[PDB]
């Protein structure tokens, strides 16, 4: 027998699990299944992200703005902070198709590099990754995905100041898609790691 592709270092994956139960808030608690897989590839992190609403249509989860934003804040050790859209319970390194039972204490190797992507309140172009994507994979329902690395995705709130952060913001033309269910296609990106 010849087995190929049989090397997979569990500590080089940080993920929500590949098939998360409701684990994220867009507008209301647990109204979204947010899938995010981060794989460390030396000085870069290779990532795949997907989001699925589970509690209603877009009008029910948006205010007056035609956007959905999911933000992740991390402390100086790369640990997920409470002021994040994503719940911490099943955000950890890999164990099979789940997370390891012991929470990580340092994930700085997965954080966006602060020299490449500084903390700032300015919309520095390099801090963002911006692409046209499609709601439900439908060519007639375009959206813009803006990933922010550190920068404007950082929290500055008193007592909950993040060191690293990333946000995922899908935006579209005002007035459109109010009766649609929010569901994105899998999307690949990479970023420079802090270490």
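Numbering follows the first chain given and starts at 1.
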Going by the entry, of stretches 9-17 and 175-183 the one with greater average Cα B-factor is 175-183
Of 122-130 vs 157-165, the stretch with the larger average CA B-factor in the entry is 122-130
Highest CA B factor of 50, 58, 37, 45, as deposited, is found at 58
Of the residues 101, 107, 116, 72, the one whose Cα carries the largest B-factor in the deposited record is 101
Assert third(CA B-factor, residue 4) within chain per record equals middle
Among the modelled residues of its chain, the C-alpha B-factor of residue 65 falls in the third labelled highest
Tertile call for residue 92 (CA temperature factor, within chain, third-based) is the lowest
Residue 41: CA B-factor among chain residues, third -> highest
Binned into thirds over the chain's modelled residues, the C-alpha B-factor of residue 27 lands in the highest
